[PDB]
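Participant: Just dropping this structure here.
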Amino acid sequence: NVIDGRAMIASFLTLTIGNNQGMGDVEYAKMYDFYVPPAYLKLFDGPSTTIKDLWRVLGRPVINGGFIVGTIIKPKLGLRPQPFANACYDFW
Amino acid sequence: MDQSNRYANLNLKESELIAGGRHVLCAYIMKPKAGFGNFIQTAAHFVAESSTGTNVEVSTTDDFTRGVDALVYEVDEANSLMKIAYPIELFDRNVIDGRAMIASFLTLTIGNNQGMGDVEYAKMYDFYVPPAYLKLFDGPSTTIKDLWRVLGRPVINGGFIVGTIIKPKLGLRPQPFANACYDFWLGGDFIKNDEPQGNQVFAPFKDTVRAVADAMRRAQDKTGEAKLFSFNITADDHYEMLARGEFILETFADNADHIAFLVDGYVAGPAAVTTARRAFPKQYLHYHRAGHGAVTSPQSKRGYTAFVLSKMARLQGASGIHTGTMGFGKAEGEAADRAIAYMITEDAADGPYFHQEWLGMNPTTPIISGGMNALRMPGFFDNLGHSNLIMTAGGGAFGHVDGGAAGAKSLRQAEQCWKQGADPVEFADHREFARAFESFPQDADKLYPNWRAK
Amino acid sequence: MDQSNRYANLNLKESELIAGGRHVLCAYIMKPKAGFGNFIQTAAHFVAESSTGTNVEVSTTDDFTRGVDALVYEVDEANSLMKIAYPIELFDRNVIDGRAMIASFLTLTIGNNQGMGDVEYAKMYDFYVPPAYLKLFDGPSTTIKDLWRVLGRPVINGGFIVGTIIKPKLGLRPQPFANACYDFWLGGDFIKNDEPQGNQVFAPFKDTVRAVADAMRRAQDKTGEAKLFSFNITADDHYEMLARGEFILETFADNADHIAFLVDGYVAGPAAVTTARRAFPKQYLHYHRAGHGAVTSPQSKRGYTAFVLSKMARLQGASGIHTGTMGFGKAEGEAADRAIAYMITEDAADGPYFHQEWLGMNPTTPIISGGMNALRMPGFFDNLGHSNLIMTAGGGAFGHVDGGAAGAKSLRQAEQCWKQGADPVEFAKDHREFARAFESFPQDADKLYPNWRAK
Ligand SMILES: O=C(O)[C@@](O)(COP(=O)(O)O)[C@H](O)[C@H](O)COP(=O)(O)O
Ligand SMILES: O=C(O)[C@@](O)(COP(=O)(O)O)[C@H](O)[C@H](O)COP(=O)(O)O
Ligand SMILES: [Mg+2]
Ligand SMILES: [Mg+2]
């Protein structure tokens, strides 16, 4: 980045797994692993928020706060706002 | 008017108030002014002027209001001690993101009550914040770890960061400034703007920033080690802070993560701190507390102590704050101030009155500064117990007889001396350290009576 | 280290330093701590720690640095007096617009020197700013003139603005709060949030603002007179302040120029004040000073006085600032504080040590508050000499036996009483609301008017 000198995953992708995926003389190629050294590693954002903050909100230990019971609202689509909220209320 | 029946309930148990998690607790040293009400009456008026009331009865008051009254729950007149519990519902919240603000905490706990005519003085020594309120504060986003990471040090116990402040405080033009930076960086890690340095007519911000960036590159090329700089971005105007920070990070480019931002947090206020904390969360936030001594001094019996200031600074999100030299330097301070550092570094710690759990909130680095030099550090480290911190010595570094680089190396060797548990005079097989005796002979005379003989 | 030869020059003349216009002057009351240097030595170190130096010599110093040194030019050890001249080149300037910042003034003039080990205490009592530096400060953009204009009063000597603070300080939910506003506005002009009122969970910001706006509409419809409200928009976060101000002005719409923004300037700091000043220059900026007493109190020998704070607030761009009751209310204060108001209202005025020309910088309103009521007002006006100001009485209004409206009217009648030059007790015979204030605060009545009961 010009603005803050930090890294972008887009360049990593463009180079390591970009045009080489269209090569005519290659049948196939797939990346299974990659290593980033400290000088490059330290330039990525990394997570700023973690599960600890959810544990904290839940009143759990912020280290090994344990299992967070979750769901996804189903139907995937079709519930109008209040039925949606009713399903939310019920699960909660 | 006696409001004790409403605002005082001494039968409440601090342990229960703590267990409940619905109250902020504050401990004050307060003294009524002669010729008014007694201690509990005065404490009651104090609570009234600090929460829901005034100096007379008003008809608009209802029971819901009485429900959120702050209350005096503990007093000890012999020791002028007074503890007050504030329901957390009192404290203001951001409309935009529902988070807490220290400004409300200040307005309520140590605001108007500092102007009361019937009170001679009242000063805060400690406070407790329960989880529901604690979790609403920003806390630090960047820590000393990121500096260690940049320096190539271990991110756990990465050790001592040798720092300095550019002296003169003001007066250096851009290139001489950058030259002193280059010189110190040959032997040291860290350099900060002196707190007032910025965009003086004789040292324009952008020219200086460019020259220092060049100096950083030259120093890193010369030494093969990473170097850090803390730039002052303090301003009245939010957008000026933004302009300065943006220019700095863009200008430093691939060294942008070598940059810290200094904010004069006490005089410019929490708003500036928050501007920096929220605008540049990925840059070490260096809280400079210039002016604090007007209230934190033991000579003062009003306002709040340095301990309170530091704990607030940890809540506001400072990556580091000056905690003072703890009696070992030129500023007012005590050895017991070691307790302040522990309060800002640990996940759990004891204040003078309240125990505090931090729930994994990031630590704030204790920055040690104020008349320090190579000779004075061994005593300081002995009192604190560790060297996982940043130390800046302006005069202590540039006042070295052999220049800034030797000063830096003298600081480095001084810390190596402390970690080896060696005797300073005997340790002083180390020229730069030894020359600090000659640099500051009065100090040398005081700390090591017969250093000359040896 | 003795630094007197470098940082002290007692041969300098104050009149020439003033005439030169290249120096900020500051007057301090300072005392060295026993067991260190003498007065001039300590003053020299004080200057060193407040400009270009430190506690020891450094090889990095050049002649240019020595050229911009601050200097002690006057001392009086018998009276603990110390005066320092700061070259204006020292003070930080904005990159974006080249304007001054009070934060730099503070960092230098009253910053680190408050932590010095060889000083027992030091307190700033006055300061002088020359034209070249003065003109770089924002100054107020809106004044009491604009409230007078909104109220339909003359924009010159528009007279007394009757105000209150919503009490309880905290605890009222949106509609009861708005009900109290409506009640007061039937007899008064101006209402401010109490300083901590904002977005408490039991009183959400937007609901309260909407309810108050409705109360304003109803009150203006009821009285056929314009009403004013001062909303607290203080926050740590700049963008929260913006969000609050923007919501208020949009919500009040055609009554938007009836709105002032209150900022807790001392605890939140100059940045918040400046946020409001620069983001909303067309809205009256109401500077609230909660916490100042920690340093401004005469019990304190550190920091700065209320006079200094007020003069700074005028520089920062406050439309009005609280100056205290000058001994007539519940807070610590003296009659001589009348001098502060003059400093913030006039184009030229005298401080305890320095005369200040303001060169047409807008005035800042003295906002009077702290345990005031109708009975105590005549003496305050007698001491001050005018009523061109805003006065807010929370307990004095809502503590009135007949409620907020009668209290408001009692304050109104109290100022009319002072302006008519009438005897209060004789005046009370023909003005019920004023008279009921005697019964509302009988101890105040007993002290101020010994035999009011017989009459
Ligand atoms: O004098 C100064 O302004 C310093 O640069 C120290 O320089 P020196 O090392 O040359 O003395 C620091 O800002 C103070 O230590 C801050 O005070 P504190 O830490 O107490 O808040
Ligand atoms: O909370 C209060 O006490 C007030 O609302 C006054 O209420 P009352 O009218 O009922 O007394 C004001 O904020 C103080 O006067 C501020 O003090 P100052 O102006 O001196 O800075
Ligand atoms: Mg400094
Ligand atoms: Mg108030």
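Structure determined by X-ray crystallography, 2.5 Å.
Placement of Cβ uses the backbone N, Cα and C atoms for every residue, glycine included.
When I checked Swiss-Prot for this same protein, it listed these features:
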| type | residues | note |
| --- | --- | --- |
| ACT_SITE | C:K167 | active site, proton acceptor |
| ACT_SITE | C:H288 | active site, proton acceptor |
| BINDING | C:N112, C:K169, C:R289, C:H322, C:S369 | substrate binding site |
| BINDING | C:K192, C:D194, C:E195 | Mg(2+) binding site |
| MOD_RES | C:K192 | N6-carboxylysine |
| SITE | C:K330 | site 'Transition state stabilizer' |
Participant: Quick check for you: of the recorded positions C:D194, C:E195, C:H288, C:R289, C:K330, C:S369, which have their Cα within 10 Å of the Cα of C:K167 (active site, proton acceptor)?
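Facilitator: Within 10 Å of C:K167 (active site, proton acceptor): C:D194.
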Participant: Near ligand 2, which of the binding-site residues C:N112, C:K192, C:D194, C:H322, C:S369 have CB less than 6 Å from any of its atoms?
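Facilitator: Listed by sequence, the hits are C:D194, C:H322, C:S369.
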Participant: Once the chains shown are all counted, how many other Cβ atoms turn up within 10 Å of the Cβ of C:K192 (Mg(2+) binding site)?
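Facilitator: Taking all protein chains shown, C:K192 (Mg(2+) binding site) has 24 Cβ neighbours within 10 Å.
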Participant: Restricting the comparison to the recorded positions C:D194, C:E195, C:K330, which residue's C-alpha is spatially nearest the C-alpha of C:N112 (substrate binding site)?
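Facilitator: Its closest listed neighbour, by Cα, is C:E195.
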Participant: For C:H322 (substrate binding site), list the number of other Cβ atoms lying within 10 Å of its Cβ atom.
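Facilitator: Its Cβ shell of radius 10 Å holds 29 other Cβ atoms.
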Participant: For the C-alpha pair, I'd like the distance in angstrom between C:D194 (Mg(2+) binding site) and C:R289 (substrate binding site), rounded off.
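Facilitator: The separation of the Cα atoms works out to 12 Å.
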Participant: Which ones, out of the binding-site residues C:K192, C:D194, C:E195, C:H322, C:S369, lie near enough to chain B that their C-beta is under 8 angstroms from one of its C-beta atoms?
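Facilitator: Near chain B: C:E195.
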Participant: Inside 8 A of the center formed by the CB atoms of C:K192, C:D194, C:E195, which other residues of the chain have their CB, for the recorded Mg(2+) site?
Facilitator: C:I165, C:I166, C:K169, C:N193, C:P196, C:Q197, C:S230, C:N232, C:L262, C:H288
Participant: Of all the recorded positions here, C:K167, C:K330, which one's CB has the most other CB atoms within 10 A?
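Facilitator: Output for this query is C:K167.
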Participant: What is the nearest of the recorded positions C:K192, C:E195, C:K330 to C:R289 (substrate binding site), using the Cα of each?
Facilitator: C:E195
Participant: Given a separation of at least six residues and a C-beta threshold under 8 Å, show me what packs close to C:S369 (substrate binding site) in the same chain.
Facilitator: C:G163, C:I165, C:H322, C:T325, C:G329, C:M391, C:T392, C:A393, C:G394
Participant: Would you say which of the recorded positions C:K169, C:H288, C:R289 has the most Cβ atoms within 10 Å of its own Cβ?
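Facilitator: In terms of Cβ crowding, the pick is C:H288.
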Participant: Cα within 10 Å of C:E195 (Mg(2+) binding site): which of the recorded positions C:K169, C:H288, C:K330 qualify?
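Facilitator: Final answer, ordered: C:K169, C:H288.
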